[PDB]
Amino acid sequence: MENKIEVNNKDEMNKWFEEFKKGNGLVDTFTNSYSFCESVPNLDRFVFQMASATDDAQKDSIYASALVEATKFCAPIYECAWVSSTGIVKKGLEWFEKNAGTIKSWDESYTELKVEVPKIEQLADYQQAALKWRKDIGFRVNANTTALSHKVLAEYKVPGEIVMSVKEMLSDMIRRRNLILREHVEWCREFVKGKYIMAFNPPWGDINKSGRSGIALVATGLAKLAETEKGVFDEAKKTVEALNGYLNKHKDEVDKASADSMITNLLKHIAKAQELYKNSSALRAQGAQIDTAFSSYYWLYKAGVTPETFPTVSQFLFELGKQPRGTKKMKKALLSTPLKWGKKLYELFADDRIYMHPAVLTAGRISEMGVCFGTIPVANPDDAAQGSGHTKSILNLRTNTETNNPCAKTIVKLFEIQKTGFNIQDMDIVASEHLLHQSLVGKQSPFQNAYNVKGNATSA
């Protein structure tokens, strides 16, 4: 035992899902994919618990229980099964041991990436290797399991009473949102200090020389503006005004047209460096997002799981799935099991803000693997009716305008919860906002890739 989900292709998937469905009784009532969701999870009790106000910041435990409640019966069975099916677990594991060159930049930088901020392209190769990944195995079987795609939601329809609460959430997301606004590079170091004279004969040549399109100067500052980080741009600035008054002082030893053109040139350059910096810091934010399937499978490959061995993992996350056990037990059990993969997975763990990188395992992020593999016990899928809640299952919750409001209500519920436990503007991350965040970009499913999606966090 023994992955029961012997499915290699869509047509098998379809067959398996039906065999499954009668045997167990699904109504896609409040879910986008058939759930065990019979009514809407109710978290009321948790509000009142939260007020209880222990000091052990748990709280954390309360929130985890709410979460559990939200997620327990609403897993996208069809999709979850496909992601755990035999066909997908082979191809999906085999892909890594075959696309090693494609991953290096974050792979060989896993140890360091465990503590240190990723390169701009550690991010971009991940995202790119994600899609390459999804495409090469045939991860495509549905719309819940496609890459998006098009555009962000411009409007979000919410039933009257949560309309407000949601927008409080929105304003917060906004602020949080808006906190964000090799040799030539060295030459730039010399220059930004305050040395102005540098500017009469740069190495690459002229001060207006471009690399492969843009002013080298700008490209340089931009780069140095993020290893040594206002700041630098303001230096460029002072040293430039310094230059001005130098040129004013020796006007008579200087060509007039050339000297003024020099100031606007560099001034124009420094404003482009700013822009560029900005653009990468947006690029960054963007490249932050985990691709649930891909990232989870990467850790599978990382811990040294094999198909043969996968049902043990699935089981384990399933088991993890009803427990309010904290990370402690979660660690104690992984360090304990005779399964070799167990110590490897733990070892992957990080703990020493965000910027982490979407490809770095952590204790919380176990939840990713949970959605992928722990909602249904591969060794015996009927135990799935017992209900095993993982965070992302929450996007199986309907958002249909008119009636069915589930998704936002649940998340809203969870936000209130978070709210009553702690100061809401003053925590570093806001779990519920991330969820609301993911609904707003239009994910209908945990198994979607949202990276190609255009548009913002603007409400309305």
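Sequential numbering from 1, following the sequence displayed.
- Going from residue 347 to residue 348, the model skips none of the deposited residues; the chain is continuous there.
- Deposited sequence between residue 352 and residue 353: 4 to 9 residues lack coordinates.
- Stretches 82-90 and 202-210 differ in mean CA B factor, with 202-210 having the higher one.
- Taking the PDB entry as given, 93-101 carries the higher mean Cα B factor of the two stretches 308-316 and 93-101.
- Each of 125, 383, 291, 186 has a CA temperature factor in the record; the biggest one is found at 186.
- Within the listed group 365, 343, 193, 331, the record reports its top CA B-factor for 193.
- Among the modelled residues of the chain, residue 282 sits in the lowest third by CA temperature factor in this PDB entry.
- Among the modelled residues of its chain, residue 134 has a C-alpha B-factor that falls in the middle third according to the deposited record.
- Looking at the C-alpha B-factors along this chain, the one for residue 336 belongs to the middle third.
- In the deposited entry, the Cα temperature factor of residue 437 places it in the middle third of its chain's modelled residues.
- Looking at the C-alpha B-factors along this chain, the one for residue 391 belongs to the lowest third.
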